[PDB]
Amino acid sequence: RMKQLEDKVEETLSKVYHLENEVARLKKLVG
Amino acid sequence: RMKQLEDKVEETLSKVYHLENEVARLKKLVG
Amino acid sequence: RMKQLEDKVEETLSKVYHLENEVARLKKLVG
Ligand SMILES: [Zn+2]
Ligand SMILES: [Zn+2]
Ligand SMILES: [Zn+2]
């Protein structure tokens with residue numbers, strides 16, 4: 001469960017970093 | 001504590017999934 | 001191990017809440 005938990009958390013965090021970049025891109029587009 | 005953590009991680013995943021959908025709709029709107 | 005995992009989950013949820021706020025602010029700027 002632990003490694004499975006850690007794996008899911010790492011995955012999620014990477015999903016989050018990605019969304020941060022997307023949001024950064026969007027802010028620049030709208031200005 | 002492990003079960004509370006796993007539930008928390010699931011809930012976080014659900015919030016992230018919703019965020020992706022919001023960002024996706026935004027990218028469609030602004031281009 | 002669990003503690004550092006809890007820390008990473010809390011840091012991830014903090015980024016999520018922030019992103020939700022950015023998304024709400026974009027949505028008001030777009031349509
Ligand atoms: Zn994306
Ligand atoms: Zn939303
Ligand atoms: Zn921000």
Side-chain angles (χ1 to χ4, degrees), chain A, chain C:
Chain A
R1 287 168 83 181
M2 296 294 293
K3 295 182 296 66
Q4 290 194 60
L5 246 57
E6 297 187 315
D7 290 330
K8 176 146 52 184
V9 168
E10 294 305 310
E11 162 65 309
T12 299
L13 184 56
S14 300
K15 274 181 179 62
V16 168
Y17 280 132
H18 181 71
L19 291 169
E20 295 189 331
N21 297 335
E22 288 284 43
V23 169
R25 176 178 166 288
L26 290 167
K27 290 155 69 87
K28 172 262 171 53
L29 255 59
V30 300
Chain C
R1 181 172 186 177
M2 187 88 70
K3 178 66 289 174
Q4 303 174 63
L5 253 189
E6 297 178 313
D7 285 354
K8 204 159 212 167
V9 170
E10 290 314 307
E11 300 284 298
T12 300
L13 200 56
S14 156
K15 293 187 153 296
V16 168
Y17 291 134
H18 182 54
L19 281 173
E20 299 178 321
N21 290 334
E22 281 291 315
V23 168
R25 192 242 289 169
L26 279 159
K27 289 165 61 177
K28 285 193 183 67
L29 184 82
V30 176

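Numbered from 1 within each chain, the chains take letters A, B, ... in sequence-line order.
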C:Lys3, NZ: over 12 other non-hydrogen atoms inside 6.0 angstrom: yes
At what distance, to the nearest 0.5 angstrom, does CG of C:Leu26 lie from CG of A:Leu29? 10.0 Å
Is the number of heavy atoms from other residues, nucleotides or ligands within 6.0 Å of CD (C:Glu20) greater than 12? yes
Between C:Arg1 and A:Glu6 (salt bridge meaning N to carboxylate O under 4.0 Å), is one present in this structure? yes
Tell me, out of C:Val30, C:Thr12, C:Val9, C:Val23, who's got the most heavy-atom pairs with chain A below 4.5 Å. C:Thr12
Using the salt bridge (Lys or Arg N to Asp or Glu O under 4.0 Å) rule, take C:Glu22 and A:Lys27 through it: C-alpha gap first, then chi angles, then the decisive distance, then the call. CA-CA 9 Å; C:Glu22 281 291 315; A:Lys27 290 155 69 87; 2.8 Å; yes
Indicate yes or no: at least one non-hydrogen side-chain atom of C:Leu5 is less than 4.5 angstrom from one of A:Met2. yes
Side chain proximity check, C:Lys15 to A:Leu19, heavy atoms < 4.5 angstrom: no
